[PDB]
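Trainee:
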Amino acid sequence: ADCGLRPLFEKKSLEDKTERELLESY
Amino acid sequence: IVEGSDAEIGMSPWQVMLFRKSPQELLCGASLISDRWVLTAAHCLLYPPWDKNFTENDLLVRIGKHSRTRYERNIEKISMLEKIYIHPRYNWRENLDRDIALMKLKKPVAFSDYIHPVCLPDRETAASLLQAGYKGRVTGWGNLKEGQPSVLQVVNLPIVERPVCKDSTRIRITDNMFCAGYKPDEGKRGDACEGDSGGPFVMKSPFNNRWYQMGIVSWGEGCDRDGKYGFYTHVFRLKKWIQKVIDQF
Amino acid sequence: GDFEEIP
Ligand SMILES: *[B]([O])([O])[C]([C][C][C][C][C][N])[N]C(=O)[C]1[C][C][C]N1C(=O)[C]([C]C1=[C][C]=[C][C]=[C]1)[N]C([C])=O
Numbered sequence: 771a772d773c774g775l776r777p778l779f780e781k782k783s784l785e786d787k788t789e790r791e792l793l794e795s796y
Numbered sequence: 009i010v011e012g013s014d015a016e017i018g019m020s021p022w023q024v025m026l027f028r029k030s031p032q033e034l035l036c037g038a039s040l041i042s043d044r045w046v047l048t049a050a051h052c053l054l055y056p057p058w059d060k061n062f063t064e065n066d067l068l069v070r071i072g073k074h075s076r077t078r079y080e081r082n083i084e085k086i087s088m089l090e091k092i093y094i095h096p097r098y099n100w101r102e103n104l105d106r107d108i109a110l111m112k113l114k115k116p117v118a119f120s121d122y123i124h125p126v127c128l129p130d131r132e133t134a135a136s137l138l139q140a141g142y143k144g145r146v147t148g149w150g151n152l153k154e155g156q157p158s159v160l161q162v163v164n165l166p167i168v169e170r171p172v173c174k175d176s177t178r179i180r181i182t183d184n185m186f187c188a189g190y191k192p193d194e195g196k197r198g199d200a201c202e203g204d205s206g207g208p209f210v211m212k213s214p215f216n217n218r219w220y221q222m223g224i225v226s227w228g229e230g231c232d233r234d235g236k237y238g239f240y241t242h243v244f245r246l247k248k249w250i251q252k253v254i255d256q257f
Numbered sequence: 107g108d109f110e111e112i113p
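Residue numbers (my numbering), protein chains in the order written: chain H, 771 to 796; chain D, 9 to 257; chain B, 107 to 113.
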């Protein structure tokens with residue numbers, strides 16, 4: 771459904787301060 | 009969390025606080041998966057060894073929380089439980105194998121900006137992501153060092169290979185278990201600590217940009233320690249139990 | 107105790 775999509779983040783196309791750290795480790 | 013960092017507002021709208029009535033205090037962390045269901049460590053509710061045996065009529069769930077101690081007035085949501093379901097095979101006895109429980113809210117919750125469900129993995133997401141060297145995020149209001157934070161803490165730990173995990177403890181590790189942390193010789197550090205249990209271990213799919221809960225803060229022998237790691241319930245593996253109790257009730 | 111009373 772809509773799980774895992776933060777209203778104030780993913781929805782707003784705003785990234786959080788360390789998430790990029792994840793995506794980079796992949 | 010240890011060597012963590014304050015969480016940005018609405019960073020984990022799924023983090024939930026397990027709070028007891030009498031006496032009013034923090035028991036554990038949990039997660040919102042749907043509007044009436046909450047995930048957590050079974051040990052948050054049942055640990056005979058410490059005479060821990062909580063029942064719905066002893067619990068309340070607090071969703072939408074940022075601040076640990078205060079009553080976040082127009083944000084947070086308090087809810088009562090209808091019923092607790094514990095993996096019938098939860099091994100409190102030896103090594104907290106199957107440390108998972110589901111809780112049912114007497115009434116569902118309206119979602120918002122601070123309250124939102126996390127995704128449960130799927131066979132492929134887990135195969136792609138549950139890879140050694142990859143990172144996940146952990147949240148919780150637990151001890152700050154092996155102490156209590158004012159706000160929710162956060163940290164990013166890589167997945168440690170099975171062997172390594174195995175070679176770090178005297179406990180007996182199972183397949184429904186994974187470990188995470190930096191290897192002592194890597195500069196960086198951080199861990200999960202006491203109070204963080206039932207707490208989620210998420211990851212972001214590079215495919216659909218969704219966040220998935222991969223683990224549940226389960227156990228560990230001391231907080232942030234070299235040559236030691238954190239252990240989390242492997243949620244995909246217990247996935248099939250989840251659905252079951254969800255399809256029945 | 108360190109906690110704020112709830113309704
Ligand atoms: B949780 O907050 O309730 C907590 C998570 C913190 C551990 C993080 C470190 N990486 N888990 C626990 O407190 C669990 C449940 C009861 C004991 N326990 C432990 O982690 C034990 C080790 C243990 C015991 C039995 C079976 C497996 C592992 N830790 C200590 C110091 O006793």
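Beta carbons: idealized from backbone N, C-alpha and C, even for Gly.
Could you tell me whether any Cβ in chain B is nearer than 8 Å to the Cβ of D:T77?
Mentor: To locate residue 77 of chain D, count along the second sequence from 1; it is residue 69. Yes, its Cβ sits closer than 8 Å to a Cβ of chain B.
Trainee: For residue 3 of chain D, tell me which candidate among D:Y93, D:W22, D:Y190 and D:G144 has the shortest Cα-Cα distance.
Mentor: The question about residue 3 of chain D has no answer here: the residues shown for chain D are numbered 9 through 257.
Trainee: Are D:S205 and D:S176 closer than 8 Å when you measure CB to CB?
Mentor: As a first step, residue 205 of chain D is located in the second sequence; it is residue number 197 there, counting from the start. As a first step, residue 176 of chain D is located in the second sequence; it is residue number 168 there, counting from the start. It is not a contact, given that the beta carbons lie outside the stated cut-off.
Trainee: Going by the DSSP bridge assignment, what does D:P166 pair with across the sheet?
Mentor: Position 158 of the second sequence holds residue 166 of chain D. Looking at the DSSP assignment, D:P166 forms a beta bridge with D:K143.
Trainee: Here's the rule: buried if 16 or more other CB atoms are within 10 angstroms of the residue's CB, otherwise exposed. What is D:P21?
Mentor: Taking the first residue of the second sequence as 1, we reach residue 21 of chain D at position 13. Counting Cβ neighbours within 10 Å, D:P21 comes out buried, since at least 16 surround it.
Trainee: Among D:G144, D:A140, D:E202 and D:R197, which has the Cα closest to the Cα of D:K212?
Mentor: Start at 1 with the first residue of the second sequence, and residue 212 of chain D comes out as number 204. When each option's Cα is compared against that of D:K212, the closest is D:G144.
Trainee: Grab the span of the beta strand (DSSP E) containing H:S795 for me, first residue to last.
Mentor: Along the first sequence, read from residue 1 onward, the residue named residue 795 of chain H stands at position 25. Segment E789 to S795 is the alpha helix (DSSP H) holding H:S795; no beta strand (DSSP E) there.
Trainee: Can you list the residues of chain D that H:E785 reaches, using a CB-CB cut of under 7 Å?
Mentor: Mapped onto the first sequence, residue 785 of chain H falls at position 15. Here the premise fails: no neighbours, minimum Cβ distance about 10 Å.
Trainee: Examine ligand 1 and report whether any of its heavy atoms sits within less than 7 Å of the Cβ of D:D199.
Mentor: If you number the second sequence from 1, residue 199 of chain D lands on position 191. Yes - ligand 1 has a heavy atom lying nearer than 7 Å to the Cβ of D:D199.
Trainee: Just to confirm my understanding: we take D:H51, look at its own chain, exclude 5 residues before and 5 after, and list those with CB closer than 7 Å. What are they?
Mentor: Translated into the one-based positions of the second sequence, residue 51 of chain D becomes position 43. Contacts found: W100, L104, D107 and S205.
Trainee: Can you pull the chain B residues whose beta carbon is under 7 Å from the beta carbon of D:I83, in chain order?
Mentor: Start at 1 with the first residue of the second sequence, and residue 83 of chain D comes out as number 75. Correct list: empty, because the minimum Cβ distance to chain B is about 13 Å.
Trainee: Along chain B, in chain order, which residues have C-beta atoms closer than 9 Å to that of D:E33?
Mentor: Along the second sequence, read from residue 1 onward, the residue named residue 33 of chain D stands at position 25. Those within 9 Å of D:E33 in chain B are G107, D108 and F109.
Trainee: Out of D:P214, D:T182, D:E11 and D:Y237, which has the shortest C-alpha to C-alpha gap to D:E132?
Mentor: Taking the first residue of the second sequence as 1, we reach residue 132 of chain D at position 124. Checking every option, the nearest Cα to that of D:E132 belongs to D:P214.
Trainee: I'd like to know whether the C-beta of D:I86 is nearer than 8 Å to at least one C-beta of chain B.
Mentor: Translated into positions along the second sequence, residue 86 of chain D becomes position 78. At least one chain B Cβ lies under 8 Å of D:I86.
Trainee: Does ligand 1 have even one heavy atom less than 7 Å from the beta-carbon of D:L104?
Mentor: Sequence index remark: in the second sequence, residue 104 of chain D carries index 96 (1-based). Yes.
Trainee: Is it buried or exposed, D:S158, if we count other Cβ atoms within 10 angstroms and call 16 or more buried?
Mentor: For this step, residue 158 of chain D is matched to residue 150 along the second sequence. That one is exposed.
Trainee: Sorted by chain position, which residues of the same chain lie with C-beta nearer than 6 Å to D:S87's C-beta, five sequence neighbours on each side aside?
Mentor: If you number the second sequence from 1, residue 87 of chain D lands on position 79. The residues are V69 and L113.
Trainee: The alpha helix (DSSP H) spanning D:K248 covers which residue range?
Mentor: In the second sequence, counting from the first residue as 1, residue 248 of chain D sits at position 240. From DSSP, the alpha helix (DSSP H) with D:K248 extends over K247 to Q256.
Trainee: Using only the heavy atoms of ligand 1, determine whether one of them is closer than 7 Å to the beta carbon of D:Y55.
Mentor: Sequence index remark: in the second sequence, residue 55 of chain D carries index 47 (1-based). Yes - ligand 1 has a heavy atom lying nearer than 7 Å to the Cβ of D:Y55.
Trainee: Counting C-beta neighbours from all protein chains within 10 Å, is the total for D:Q23 16 or more, i.e. buried, or is it exposed?
Mentor: Your numbering for residue 23 of chain D matches position 15 in the second sequence. Buried.
Trainee: For ligand 1, I want to know if D:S87 counts as a neighbour, meaning its beta carbon is within less than 7 Å of at least one of the ligand's heavy atoms.
Mentor: Within the second sequence, numbered from 1, the residue matching residue 87 of chain D stands at position 79. Incorrect: D:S87 has no Cβ contact closer than 7 Å to ligand 1.
Trainee: Quick one: is D:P208 near chain H, going by C-beta distance under 8 Å?
Mentor: Taking the second sequence and counting its residues from 1, one reaches residue 208 of chain D at position 200. With 8 Å as the cut-off, D:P208 does not count as an interface residue toward chain H.
Trainee: Nearest CA to the CA of D:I83: which residue from D:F62, D:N61 and D:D121?
Mentor: Along the second sequence, one-based indexing puts residue 83 of chain D at 75. Comparing Cα-Cα distances from D:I83 to each of D:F62, D:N61 and D:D121, the minimum goes to D:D121.
Trainee: Could you tell me the alpha carbon to alpha carbon distance between D:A49 and D:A109, rounded to whole angstroms?
Mentor: Taking the second sequence and counting its residues from 1, the one referred to as residue 49 of chain D is at position 41. Taking the second sequence and counting its residues from 1, the one referred to as residue 109 of chain D is at position 101. Cα to Cα, the separation comes out at about 6 Å.
Trainee: Is residue 258 of chain D buried or exposed, if buried means 16 or more other CB atoms sit within 10 Å of its CB?
Mentor: Since the first and last residues shown for chain D are 9 and 257, residue 258 of chain D lies out of range.
Trainee: Comparing C-alpha positions only, which one of D:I167, D:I224 and D:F239 sits nearest to D:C36?
Mentor: Indexing the second sequence from 1 puts residue 36 of chain D at position 28. D:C36 has its Cα closest to that of D:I224, out of D:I167, D:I224 and D:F239.
Trainee: Counting along the chain, where does the alpha helix (DSSP H) carrying D:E132 start and finish?
Mentor: Walking along the second sequence from the start, residue 132 of chain D turns up at place 124. Looking at the DSSP string, the run of the alpha helix (DSSP H) that includes D:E132 is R131 to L137.
Trainee: Note the first and the last residue of the continuous beta strand (DSSP E) segment covering D:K85.
Mentor: Here residue 85 of chain D refers to the residue found at position 77 of the second sequence. Residues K85 to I94.
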